[PDB]
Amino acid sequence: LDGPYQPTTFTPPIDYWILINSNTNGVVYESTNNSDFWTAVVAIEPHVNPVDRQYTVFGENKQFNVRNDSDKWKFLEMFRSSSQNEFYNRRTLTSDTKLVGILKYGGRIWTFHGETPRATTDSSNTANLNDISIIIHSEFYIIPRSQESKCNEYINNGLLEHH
C-alpha cells in the first residue's frame, strides 16, 4: 500500500487509483481539468436533515442543499461540465469506511458509488484526461489499477491489516 500521503495538490498519474481517507464533513477533494470536468466531493455526516451548507470549491463559494438519512457517511460528487454550468449531485457513495477513490484511465475518470460493502465503479467522459489535477484535503493512498480489487476491498471494507 503506497501511502499515506498528506494533503496536497498535484496531477495524478494515469492508471493509478487515488484512495482518499476522509476525516471531516467538508470538501474531500477538488478535481478539474479546467475545460470540461469539475468534480468536488463533500462529506455528509450521518443523520443530517435537508440543510444548505456553504463550501469553498475551486476558489468559489458555493451553497449546496445536502442531506443524509442513513447511519453511514455520504460522499456527494458535485459535478459541472463547464465553469458556467451549475453544480449538481451527480453521484453518491454511502460508506462507513470513509474511503473515496478516483482513477484516470482509458480517457475517463472512474470513481466508486453506491453503498458499502457493495459499492461499484462508474465512469465520466472527458476530452482532456491529461490535465485533470486534484486538490486532496485528506490523507490518501495510491494503488495501481493492476491491484484494483484490493482498492475495491478497501473502499467497501476499509483498511485492515489483520483479518
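Start at 1 and count along the sequence shown; that's the residue number.
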Item checked: Average Cα temperature factor in the PDB entry - higher stretch of 154 to 162, 4 to 12 -> 154 to 162
Notebook entry, point to check: When the C-alpha temperature factors are averaged for each of 130 to 138 and 65 to 73, which stretch ends up with the higher value in the entry?
Noted result: 65 to 73
Check: Looking at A119, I109, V27, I44, which has the highest CA B-factor as recorded?
Finding: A119
Notebook entry, point to check: Considering only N33, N49, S124, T39, which residue's Cα atom bears the greatest B-factor as recorded?
Noted result: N49
Checklist line | Among modelled residues of the same chain, the CA temperature factor third for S82 | finding: middle
